[PDB]
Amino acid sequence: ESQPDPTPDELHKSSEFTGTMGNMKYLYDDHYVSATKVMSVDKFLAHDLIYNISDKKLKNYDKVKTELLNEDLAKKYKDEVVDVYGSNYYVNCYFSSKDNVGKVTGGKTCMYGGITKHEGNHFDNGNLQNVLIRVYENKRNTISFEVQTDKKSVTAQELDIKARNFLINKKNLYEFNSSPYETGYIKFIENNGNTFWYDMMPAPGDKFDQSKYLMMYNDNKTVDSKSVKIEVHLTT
């Protein structure tokens, strides 16, 4: 069983968000944690995994905590060599640390999901997979573009991040104060017909909780990059 399309009344409307859209833009504008062939070295709470990942670019962190849907998922990846890709946040990000030759025995940055096994998850000959994104504006297919990934089974999160990064730079998806769009959702259609979507707009109100918004990625949902179909539905 897949997820039914969004009803008219459940989609978040940007006009109803009176906070600063820049806080949403932040999460997707050339913003992401990426690591290759790493293994967790610790755990804060039962549902999370701690990794030693330092962004050689900007160097804002050396420790990354990613929270999963439950202990079973965490245990599945805990001792495997994995690849990581996701959107991180700092506000309300906390977890005690104990190590040396790094930070002051403290945390650094947080995220949800974003984990894929490294072994057997890449294409031969170092090929990259192009994934097509069809964008619909007011029920009209205005533009289509491609994003790439080197993973066979990639997290929906990675594809979502790359799709929004493009849209932010090419269509001003999110601006500092607001957005030119009223509603927007990204829909994934799998080869087996299964479908699911994420609301691209912040919940109504004057504040945006980045931690709460990103939590949707904690299911570590992955899709076959070779066959998945993606659609972005926007309205002005």
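One rule holds for the numbers: they count along the sequence shown, beginning at 1. What we label the rigid core is the largest C-alpha set whose atoms superpose within 1.5 Å from one form to the other.
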{"item": "Larger mean CA deviation from the shown form in 7 other deposited structures of this protein [core fit; 200-208 vs 50-58]", "value": "50-58"}
{"item": "Positional deviation of Cα atoms in 7 other deposited structures of this protein after core superposition, greater for 89-97 or 116-124", "value": "89-97"}
{"item": "Check: residue 104 without coordinates in a third or more of other entries", "value": "yes"}
{"item": "Given 29-37 and 173-181, the range whose Cα B-factors average higher in the PDB entry", "value": "173-181"}
{"item": "Entry-level comparison of average CA B-factors, 76-84 and 89-97, reporting the higher stretch", "value": "89-97"}
{"item": "Per the PDB entry, maximal CA B factor within 67, 190, 199, 62", "value": "62"}
{"item": "Residue with highest C-alpha B-factor in the PDB entry, from 127, 153, 130, 109", "value": "127"}
{"item": "Residue 23 - which third its CA temperature factor falls in, relative to the rest of the chain", "value": "middle"}
{"item": "Third of the chain, ranked by Cα B-factor, where residue 135 sits", "value": "middle"}
{"item": "Among modelled residues of the same chain, the CA temperature factor third for residue 167", "value": "lowest"}
{"item": "CA B-factor placement of residue 50, once the chain's modelled residues are sorted into thirds", "value": "middle"}
{"item": "Chain-relative CA temperature factor third for residue 186", "value": "lowest"}
